[PDB]
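Residue-level listing of the chains:
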Amino acid sequence: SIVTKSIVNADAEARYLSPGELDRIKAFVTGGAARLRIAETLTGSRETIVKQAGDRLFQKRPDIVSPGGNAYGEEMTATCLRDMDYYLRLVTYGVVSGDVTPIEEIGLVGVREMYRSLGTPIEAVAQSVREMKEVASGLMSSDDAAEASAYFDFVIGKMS
Amino acid sequence: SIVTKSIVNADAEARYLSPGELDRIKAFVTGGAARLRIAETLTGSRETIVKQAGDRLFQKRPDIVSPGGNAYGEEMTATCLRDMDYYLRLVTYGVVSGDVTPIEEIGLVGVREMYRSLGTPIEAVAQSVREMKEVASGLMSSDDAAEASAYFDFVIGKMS
Amino acid sequence: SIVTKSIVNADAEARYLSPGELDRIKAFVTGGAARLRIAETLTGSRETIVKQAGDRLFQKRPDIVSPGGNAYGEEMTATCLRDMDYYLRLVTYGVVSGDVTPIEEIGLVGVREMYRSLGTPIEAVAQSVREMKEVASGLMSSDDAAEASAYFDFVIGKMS
Amino acid sequence: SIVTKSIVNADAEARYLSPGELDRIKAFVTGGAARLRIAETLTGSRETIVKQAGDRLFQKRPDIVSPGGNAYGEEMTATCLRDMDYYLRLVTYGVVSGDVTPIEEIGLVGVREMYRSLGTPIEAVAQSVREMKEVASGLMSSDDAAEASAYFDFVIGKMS
Amino acid sequence: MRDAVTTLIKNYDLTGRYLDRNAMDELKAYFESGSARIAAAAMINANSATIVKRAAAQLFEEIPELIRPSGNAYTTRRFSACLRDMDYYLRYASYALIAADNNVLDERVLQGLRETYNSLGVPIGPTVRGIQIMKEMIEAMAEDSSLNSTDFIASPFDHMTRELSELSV
Amino acid sequence: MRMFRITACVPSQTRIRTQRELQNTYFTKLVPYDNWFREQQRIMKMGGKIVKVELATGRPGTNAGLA
Amino acid sequence: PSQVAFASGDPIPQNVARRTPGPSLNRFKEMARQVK
Amino acid sequence: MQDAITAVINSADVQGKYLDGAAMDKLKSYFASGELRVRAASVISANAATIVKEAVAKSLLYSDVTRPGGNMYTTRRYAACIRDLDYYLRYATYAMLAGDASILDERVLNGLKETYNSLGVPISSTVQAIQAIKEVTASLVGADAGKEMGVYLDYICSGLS
Amino acid sequence: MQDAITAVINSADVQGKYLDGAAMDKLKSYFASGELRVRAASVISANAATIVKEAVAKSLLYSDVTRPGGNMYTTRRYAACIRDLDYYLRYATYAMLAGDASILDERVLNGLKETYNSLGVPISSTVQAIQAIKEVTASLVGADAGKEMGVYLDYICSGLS
Amino acid sequence: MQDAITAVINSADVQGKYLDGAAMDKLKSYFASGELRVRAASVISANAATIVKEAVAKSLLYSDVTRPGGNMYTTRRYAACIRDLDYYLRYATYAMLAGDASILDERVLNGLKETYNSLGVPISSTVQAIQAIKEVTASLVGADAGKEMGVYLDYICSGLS
Amino acid sequence: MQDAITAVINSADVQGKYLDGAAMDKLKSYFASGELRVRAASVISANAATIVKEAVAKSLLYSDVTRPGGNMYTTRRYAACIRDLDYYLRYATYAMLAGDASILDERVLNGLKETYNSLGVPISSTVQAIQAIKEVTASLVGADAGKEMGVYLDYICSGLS
Amino acid sequence: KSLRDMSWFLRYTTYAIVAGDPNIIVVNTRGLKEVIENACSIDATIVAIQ
Ligand SMILES: *[C@@H](C)[C@H]1/C(=C/c2[nH]c(/C=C3N=C(/C=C4\NC(=O)C(CC)=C4C)C(C)=C\3CCC(=O)O)c(CCC(=O)O)c2C)NC(=O)[C@@H]1C
Ligand SMILES: *[C@@H](C)[C@H]1/C(=C/c2[nH]c(/C=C3N=C(/C=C4\NC(=O)C(CC)=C4C)C(C)=C\3CCC(=O)O)c(CCC(=O)O)c2C)NC(=O)[C@@H]1C
Ligand SMILES: *[C@H](C)[C@H]1/C(=C/c2[nH]c(/C=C3N=C(/C=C4\NC(=O)C(CC)=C4C)C(C)=C\3CCC(=O)O)c(CCC(=O)O)c2C)NC(=O)[C@@H]1C
Ligand SMILES: *[C@H](C)[C@H]1/C(=C/c2[nH]c(/C=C3N=C(/C=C4\NC(=O)C(CC)=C4C)C(C)=C\3CCC(=O)O)c(CCC(=O)O)c2C)NC(=O)[C@@H]1C
Ligand SMILES: *[C@H](C)[C@H]1/C(=C/c2[nH]c(/C=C3N=C(/C=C4\NC(=O)C(CC)=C4C)C(C)=C\3CCC(=O)O)c(CCC(=O)O)c2C)NC(=O)[C@@H]1C
Ligand SMILES: *[C@H](C)[C@H]1/C(=C/c2[nH]c(/C=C3N=C(/C=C4\NC(=O)C(CC)=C4C)C(C)=C\3CCC(=O)O)c(CCC(=O)O)c2C)NC(=O)[C@@H]1C
Ligand SMILES: *[C@H](C)[C@H]1/C(=C/c2[nH]c(/C=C3N=C(/C=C4\NC(=O)C(CC)=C4C)C(C)=C\3CCC(=O)O)c(CCC(=O)O)c2C)NC(=O)[C@@H]1C
Ligand SMILES: *[C@H](C)[C@H]1/C(=C/c2[nH]c(/C=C3N=C(/C=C4\NC(=O)C(CC)=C4C)C(C)=C\3CCC(=O)O)c(CCC(=O)O)c2C)NC(=O)[C@@H]1C
Ligand SMILES: *[C@H](C)[C@H]1/C(=C/c2[nH]c(/C=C3N=C(/C=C4\NC(=O)C(CC)=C4C)C(C)=C\3CCC(=O)O)c(CCC(=O)O)c2C)NC(=O)[C@@H]1C
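Method-wise, the PDB entry is recorded as coming from cryo-EM, at a reported resolution of 2.8 Å.

Now the structure itself:
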């Protein structure tokens, strides 16, 4: 979290917390209500975001779900939607934490090696997260959509 | 405490707490204010209970303060009175906890081979805690002196 | 006795007597004349040893002879001297047996809780046996006083 | 040795050394010079006892070197004399140590299973060791041989 | 290193759960307590040298054998090392007050503290007595100042005493 | 050492044991002197009735040499 | 020459005193003084 | 094990002094919570087996864990899983009554990960089973006492983490 | 176990007195006899197996006792009788070293006559075996040492008979 | 374990040869040093408890170890520390009698560092306790025996450190 | 590390008093022995190859250790053993001139037992090598300086054993 | 405190004289001014050691 980063940056140079870190933590605390609202509407609409974004992904990229594809079959399609729900949950965790380090520590270290072992196209996973970004950004106000799309675009950058 | 002792017995019998010990924990948390009243009574009388008990101990057993004794000298009598305050603090902890486990885990297990290294007479320390009991019952009310005398008598029974 | 200990060790191991313990029985059965010389010296001079040792104990640790002590009064000091006579008799039994098993089977097992019950300081009993040992070693011959003092200070070590 | 045996016994009873065992260590320490003389004579003449006792064994038990026997053959008689030299060296070790536990640990535990696997008559090896003690008793002085034959005696008792 | 938000996220990640209303309530309580935590940390930012100096000036009078010979705070080298240790404890207590979670204390203070203190002969009882002296001073200063919420101040020091202290009963 | 020749019967109270239990129900035994107190207390808190006990070895009033 | 033997010679015993009650027991020392 | 009372007594005892006012406040807070703790412990002790039944039906039954090839397949392993869930419920009740997780640190989490790894026990499935216990207990007892139980149940889960 | 020395100590302790000259004379007699006791014990330990084997070979072998229909027919009964004779030799050596037969009364003569009467062990045959052991040891260790060994040997023979 | 004599015997047995001249010289050295070791063991067995008493009074009483919060505050901790000192003194006496520190490896120092590290025991404080044991023992036992006891107790300290 | 001077000043600082009566005696004995100890260090440092040469030639050469199957078979192992004996001689010189074995405790005996048990180096053969070192130094430097080196060399031997 | 500080200054001066290295004095007097100046007169300490 932002609190974790500020405490770590103070402790690395072995001092108490600077006024800049206090101002940053104060901004984190004041934006906590809006961040909690964004996380609340994401976890409330968690099923329809995954459903609509998976539908848009499978319409835009039929090759991953056609026979010979990585996600062909109902079980592999359900596993792909489970992965999309996993990344939406990590997006909600990042929205709560105010930064990107829970998404990084849980689902973005070794993601390329994992999906290379799985045989899954990582650019198609990034397309799935981009469709989740578009569907979720259509479900909020403009500032909330930009704030959530920041974490979404971090996941896009880590996947591609 | 009484909760820890009841949980230890229930775990030894591999069972839940019976409604009997549940009723005793009920009675214990109702009488918590009372047993804390004896706790602040002995806390306020800390420098007086052991004062009169040490005076009565020294007039009852003058061999303790005689030359050649275990507690001969100002330094050794100060260490003796520190042991008096230690045991009064342990009795305070016991009447706080409602069980003799905080008494016995600190000042009663291994006390015989603890004091045989120092040459201290066990029966003389027992008579000292006796005089603590009578001085506490002298300047403390009757039925709560019976409750405090239960833990004092456990100290006497485990020591002597 | 030493022969008794060798017999019970050979019987516990279910074998005949070992060469080392057979040589020990032979050397003890040769040195028994010197052992009985120590014995007749101690029995002839038994009263002055315990009188001087009791006087030296009384001047060293006056809390015994003090009021409130363990031996207050002439009859209780006579009882303490009778106990010292018993210990000297057990030392003579040890030096005629060649082993400490008579002192174990008469006056060593249970002696700690014996003097705990009596209130007698067993460290002061050990001091009394130290005084008995040093007065006896000053009285009789040094080459035999070493052999006597081995059993004496084993008794001292078991007292302490 | 006897020191190790006494220390093991004192550790088993969780006590210090009894003065009887202190006397046995003292007497072993004083009398070790005779044991060193015995071991020096045995290691000086160590081929002679094996030579004469092997000759006497091949006289008294010619079934050993008869065809079909355990030690029939040049190399087998060489291994026979090798075992005799081993037991002579073990007897020297036991004489030096003053206690027979090195002999028991090196060459008397599992000797029955070893020679049963080898097909070797254990009573004939006992006869060879007895003839070794006869030759050593002829070679040494009377008291020294009477003291040194007891380790041979323990070997005879364990093997036969 | 984990704060309250990070440990709640880890607890929900372990079960694979989305954040429910109880998690929203915990985060909401942390966010409204955060202003008071910031105020308390900014308070102890100013006074920290005075806190550790008066903590030494109370601890070495409660246990005066620390500054007598054969005590571990005898020489002024050991005295300055002890004051540096108290400054370390107050700094990480400030960190735990900001983070609202004692995982920072566990990870960076307590995991080798008994090992170091037993290696160098440093006492643990006087150390945790100094911890509680610092806790009482910060609680008294927060009660004196305009601090509406003072309940969370005692938590990192009590956690440090419980973790570092030898188990009596 | 002096030994006690004891004879006692211990019943089962908790379970109906389907194996043969007469040999550890009723038995005559040889227990040592130092272990006789704890053996008697063990079987006697277990709940048996001891019918007989004697000194198999040793003599009463032995000041030394009983081991 | 024979004054090489510092460690190998006879050791010089130190005079090490028993530890006494300290200034943390000043209250109990005053208490024992008023006990007398 | 340590409750709140023994924790306060320990913290005062290693300082060597008596209980001051903050200790009195902590004890009065524990005595205030003790009514709810005793009531919740009584309800759980009464309906002990029903919570385990509902949690097993919610999380473990009709799955690959209880199907052949799973670790809850054989009935000795099923009864072992039932006994483990009774262990977690009973020691969580103990930790609720104590107001502290030292009992879970000493007897429950002591090598439990090594035990389950040596046996082959599914860590994820038993974490979901403890979660089902938490949901059933919070439904049975209430919001506040269910949350109090869920603190120590999540402590057992994070020990399994 | 009661020996001469412990008998002297106990005979002093029953009246509580010290050692007089009357108890001193028998102790000096024991100290005089102890060297012969150690020498006889060394010879008996030197030939412990061969005495038993030779006495068995010329006392009861190829007879009706070891014949079928006898008590010593079966190899188990034979090994039991060899163990019994070795035990008698070793414990009589113990009594010879100790100077008293209390070790025999306390370790061997404790419920053995009734055991042999129950098992049908021939008392006369054991008497003949004990006499054969006694005369072989008397031939081997010497005249006076063999007679002093035979004192404990026919004492335990009369005790078992 | 092993003494000096059994160390020489085991070295000669591993070499496969008889006792040569240097082995006889080492044995003669141990037989020369034996009497002082025996009388030192008698002195230490006499003053076993008192050496521990004045050593702990010399080093550890009225200090942070026996003050509240220290590792010798409670009576069971004091009894365990006195038990440890008795173990160290008895095994140092055993090593002094044997002339070898092998028993300290076999019985004492094989796992005691990990034991104290798991227990939280201050090994610096135990080292100062054993130095006090060295000083009090060398005060009572003499000079060369004091050197031998100091060597073996410093071996115990080196195993702890 | 520490030396005799630091040990004296630390003991007096723990007492809180000055160097009253025996600290002065220890310091003046140290400074009296110091110039001859420096001369012995000069001789040992000048001749240091010869001591390890005569030690390996006296004790370890032409043995099972140097023949195949031994721990000194290969040339790397032989050179490592030469370097270890050089380490023992040099740190014995260090401890002999410091007057305290704390340098041996903190830089030699802290890990010597564990490295030799992990490597498989024969403890008895290393002890015999150090004994050959101490008699060669006693022959080459003198009896008194030989004993002053040999007390620390025997301290290293006791640390081995 | 002042009296034991004066005796302790003389004690460590003698200890440094014995040790032959003033490192003990350097370590135990380098940072002493700031801690000692709060409740004790630094000029009085200078004149005292003078
Ligand atoms: C002819 C080759 C030269 C000669 C030889 C010489 N060597 C030694 C002594 C030893 N040499 C070794 C060497 C090795 N052992 C191994 O296992 C290996 C690797 C395979 C090597 C290189 C050893 C161990 C010894 C010591 C003997 C022992 O086994 O303990 C000597 C003896 C010197 C002495 O002082 O004893 C000699 C004479 N010398 C020459 O001048 C020729 C050039
Ligand atoms: C003769 C002395 C015996 C012998 C020795 C031997 N030693 C080694 C190797 C090592 N010795 C050490 C020890 C130390 N390193 C240090 O820095 C110090 C203190 C200054 C010590 C005491 C170590 C660490 C090693 C390993 C690496 C190294 O060479 O330093 C070996 C080699 C082991 C191998 O198999 O390579 C040997 C053989 N062996 C004997 O048999 C003689 C009794
Ligand atoms: C006074 C009633 C009697 C008496 C006492 C006496 N005690 C000591 C020394 C010690 N007593 C203890 C015991 C405890 N420490 C604890 O922390 C607790 C439980 C809370 C107990 C029970 C200890 C550790 C000591 C050692 C001192 C220290 O704290 O370091 C002495 C001194 C003996 C000495 O040799 O200094 C005395 C005199 N003696 C009597 O005769 C009275 C009957
Ligand atoms: C004033 C004229 C005198 C004075 C008094 C004084 N001393 C202290 C306390 C301390 N004194 C020291 C000093 C030393 N540390 C060392 O290592 C050495 C030897 C080189 C010395 C002399 C230290 C560390 C303290 C602090 C420990 C403690 O609290 O006792 C005080 C108290 C300071 C305060 O209350 O803030 C006072 C007033 N010191 C002098 O030097 C003058 C002789
Ligand atoms: C039933 C026919 C009659 C009867 C029964 C009765 N039995 C007991 C208890 C015991 N019975 C035995 C018997 C045996 N144990 C064995 O191992 C064997 C051989 C295989 C037998 C025959 C024993 C030992 C007991 C003691 C307890 C135990 O279970 O070990 C009781 C008494 C139960 C009690 O003690 O309370 C009774 C009453 N009594 C009748 O009236 C029926 C006619
Ligand atoms: C039919 C004779 C009776 C009956 C059966 C019944 N059973 C269940 C549920 C389960 N039973 C098992 C048992 C086993 N699993 C195994 O692997 C084995 C041995 C090979 C056994 C015996 C299990 C695991 C279940 C749970 C089902 C699952 O796979 O999750 C039920 C269902 C109860 C429910 O509440 O769902 C029923 C009805 N009921 C009767 O009345 C008959 C007596
Ligand atoms: C022949 C294969 C080997 C052999 C024989 C041998 N046997 C004896 C004498 C006896 N053997 C026994 C043993 C038994 N008791 C039994 O009940 C049975 C059958 C179940 C056996 C085998 C007994 C008792 C004797 C003694 C005879 C008696 O009745 O008293 C000897 C004589 C020993 C002696 O010292 O005279 C011999 C030589 N010896 C060999 O070398 C063949 C390998
Ligand atoms: C041998 C001289 C004659 C004889 C002996 C014989 N003995 C046994 C078996 C046993 N004897 C005992 C008794 C003892 N227990 C002891 O501790 C001691 C020494 C102190 C003795 C003497 C025991 C316990 C047995 C084993 C009982 C069992 O059978 O399990 C037997 C065997 C009897 C049997 O039925 O197997 C025999 C034959 N009888 C002779 O004919 C030999 C001349
Ligand atoms: C005394 C010098 C200091 C010290 C001691 C201390 N030790 C313990 C507890 C234990 N010590 C041991 C060690 C041993 N294991 C062995 O096999 C042997 C003999 C070879 C020893 C010496 C063990 C096993 C324990 C655990 C016993 C237990 O479980 O109670 C304690 C107790 C700590 C506690 O109970 O929590 C203490 C206090 N610590 C000090 O501070 C003294 C300076």
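Undergrad: Please give an account of the overall build of chain G that cites residues and values.
TA: For chain G, the count of helices and strands is 1 helix and 0 strands. Counting over 36 residues, chain G shows a buried share of 42%. With the model as given, the accessible surface of chain G reaches about 2,200 Å², and the carbon-plus-sulfur share is 52%.

Undergrad: Summarise the pairing of strand β1 (residues 3–9) of chain F; cite the residues concerned and give the values.
TA: In terms of strand pairing, β1 of chain F meets strand β2 (residues 26–32) of chain F through 7 bridges, oriented antiparallel. Within β2 of chain F, the residue paired with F4 of chain F across the bridge is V31 of chain F.

Undergrad: Tell me about the nonpolar core, and name the residues and values.
TA: Ranked by internal contacts, the top residues of the largest apolar core, which has 186 residues, are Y87 of chain B, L104 of chain H together with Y88 and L104 of chain J. By residue number, the principal contributor to this core is helix α4 (residues 75–98) of chain J, which donates 13 residues. Discounting chain neighbours no more than four positions away, the residues touching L104 of chain J are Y91, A92, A95, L109, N110, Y152, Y155 and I156 of chain J. Counting 107 residues, the second largest nonpolar core, distinct from the first, contains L36 and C80 of chain A together with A36 and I138 of chain E.

Undergrad: Mind laying out the sheet that holds β2 of chain F, listing which residues take part and the relevant values?
TA: Residue and element names in this part refer to chain F. Here 3 strands make up an open sheet; going across it, the order is β2-β1-β3 and the pairing antiparallel. The sheet is open, and its two borders are formed by β2 and β3 (49–55), each paired with just one other strand. Going across the sheet, the axis of each strand differs from the next one's by a mean of 20 degrees, ignoring polarity. Pairing of β1 with β3, which is carried by 6 bridges, proceeds in the antiparallel orientation. By the bridge assignment for β3, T7 is matched with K52. Packing of helix α1 (residues 33–46) onto the sheet brings it into contact with β1, β2 and β3, and relative to β2 it is tilted by some 145 degrees.

Undergrad: Tell me what's going on with the arrangement of the chains, and back it up with residues and numbers.
TA: Across all C-alpha pairs, the smallest distance from chain A to chain B is 37 Å, and the two are not in contact. Without any contact between them, chain A and chain K keep their closest C-alpha atoms 31 Å apart.

Undergrad: I'd like to hear about the interface of chain E and chain A, residue by residue, with values.
TA: Listed by partner, the interface residues are 32 residues for chain E and 32 residues for chain A. At the boundary of chain E with chain A, total buried surface from both sides reaches about 2,900 Å², with 68% on carbon and sulfur atoms. On the chain E side of the interface with chain A, the three residues burying the most area are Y18, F31 and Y95 of chain E, jointly 27% of the side's total. Linking chain E with chain A are 3 salt bridges, by the criterion used here. Put simply, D13 of chain E and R89 of chain A hold a salt bridge, and the shortest N to O gap is 2.9 Å. On inspection of chain E and its partner chain A, the count reaches 12 residue pairs in polar contact. Secondary-structure elements contributing two or more residues to the side of chain E that touches chain A are α1 (4–15), α2 (21–46) and α4 (76–99) of chain E. Sort the elements by how many residues they give to the side of chain E that touches chain A and α2 of chain E lands first, with 10 residues. Of the residues in the side of chain E that touches chain A, the class split is 17 nonpolar, 7 polar and 8 charged.

Undergrad: Pulling in residues and values, what's your account of the site of ligand 5?
TA: All names here are of chain F. Surrounding ligand 5, one finds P11, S12, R17, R20, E21, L22 and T25. Residue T25 places a side-chain N or O atom 3.4 Å away from an oxygen atom belonging to ligand 5. Among the residues forming the shell around ligand 5, the class breakdown is 2 nonpolar, 2 polar and 3 charged.

Undergrad: Can you break down the site of ligand 2 residue by residue, with the values?
TA: Residues and elements named next belong to chain K. The local shell around ligand 2 holds 20 residues, among which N71, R76, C81, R83 and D84 are the closest. For ligand 2, the protein covers 77% of the area, taking 890 Å² as the surface of the free molecule. Among the elements of the structure, α3 (75–98), α5 (112–119) and α6 (123–141) are those that each provide at least two residues to the shell around ligand 2. Class assignment for the residues of the shell around ligand 2 results in 11 nonpolar, 4 polar and 5 charged.

Thresholds, definitions, all that
For each chain, numbering restarts from 1 and follows the sequence as written, which can differ from how the entry numbers it; residues lacking coordinates are not listed. Chains and ligands are labelled by the order in which they are written, letters from A for the one and numbers from 1 for the other. Only some chains of a larger assembly appear here, and every value describes just that portion. The side-chain quantities take in all heavy atoms of the structure and omit both hydrogens and water. Every helix listed is a DSSP run of H or I at least four residues long, and every strand listed is a run of E at least two residues long, numbered separately from the N terminus. Summary of the burial criterion: residues with accessible area below 20% of their type's maximum are buried, those above 50% are exposed, and those between are partly exposed, where the area comes from a 1.4 Å probe applied to protein chains only. Values of accessible area rely on a 1.4 Å probe in the Shrake-Rupley scheme; residue burial ignores everything except the protein chains shown. A pair of strands is labelled paired if DSSP reports no fewer than 2 bridges between them. Residues grouped as a nonpolar core are buried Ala, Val, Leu, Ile, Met, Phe, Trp, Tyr and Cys residues, joined through side-chain atoms within 4.5 Å. Contacts were defined at the residue level, with two residues in contact if any of their heavy atoms lie within 4.5 Å. Angles here are taken between N-to-C directions and fall from 0 to 180 degrees, while the axes themselves are lines fitted to C-alpha atoms, restricted in helices to the stretch in contact. When two components associate, each loses some accessible surface as probed by a 1.4 Å sphere; the sum of these losses over both components is called the buried area. Throughout this description, the term salt bridge denotes a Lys or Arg side-chain nitrogen within 4 Å of a carboxyl oxygen of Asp or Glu. Throughout this description, a polar contact denotes any pair of N or O atoms lying within 3.5 Å of each other; where both atoms belong to protein, one of them has to be capable of donating a hydrogen while the other can accept it, and for residues adjacent in sequence the pair is counted only when both atoms sit in side chains. Residues are grouped as follows: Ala, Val, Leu, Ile, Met, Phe, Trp, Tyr, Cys and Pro are nonpolar; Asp, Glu, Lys and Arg are charged; every other residue, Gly included, is polar. Whether a residue is near a molecule or strand depends on its heavy atoms: if one lies within 4 Å, it is near.

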